[PDB]
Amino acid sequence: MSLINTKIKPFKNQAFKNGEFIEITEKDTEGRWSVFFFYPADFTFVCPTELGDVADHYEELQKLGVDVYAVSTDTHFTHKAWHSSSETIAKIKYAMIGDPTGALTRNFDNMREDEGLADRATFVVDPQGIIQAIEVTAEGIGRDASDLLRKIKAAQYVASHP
């Protein structure tokens, strides 16, 4: 029932990454640190800072051995369109996963069942697929990227010093 300290479930989703489409599965995450950054919808007026802030810290995340996977219930097709429309989103070098089925979102118990959109949840996952940190916020409340990085560092220190 509690998702913390449990293994991520298998998936197969299409994504957009650096001007091309790819297929991403649980096989790709294993052996590496992973960040599943869920959010409600592309092309929303509200707050694209969240994705842009993570894009500003991406070279630090690559040095720390972390992959970022932005996820929403929109298709990989619209991620490509949104990546060309907005200069905040255009900075994103990491994968933007499309989840129209809601299967990846439902593996993390993160669906707004009334809206058909994912809640603003972030899941730090280790090389064995175990979820080490969770952070969820309501609509309008932002997640600051510096706090994410602190939990990544904190999880990595605990990984090598039990």
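Sequential numbering from 1, following the sequence displayed.
**Q** Identify the stretch, either 97-105 or 62-70, whose C-alpha atoms have the larger mean B-factor according to the entry.
**A** Higher mean C-alpha B-factor in the PDB entry: 62-70.
**Q** Quick one: say whether 14-22 or 148-156 has the higher mean Cα B-factor in the deposited entry.
**A** The stretch with the larger average C-alpha B-factor is 148-156.
**Q** Per the PDB entry, which option out of 121, 131, 111, 47 has the greatest Cα B factor?
**A** Of the options given, 47 has the highest CA B-factor in the PDB entry.
**Q** Check where residue 76 lands among this chain's C-alpha B-factors and tell me if it's the lowest, middle or highest third.
**A** Within its chain, residue 76 is a lowest-third residue by C-alpha B-factor, going by the deposited values.
**Q** Per the entry's values, where does residue 55 land by CA temperature factor relative to the rest of its chain, in the lowest, middle or highest third?
**A** Highest third - that is where residue 55 ends up once the chain's C-alpha B-factors are sorted.
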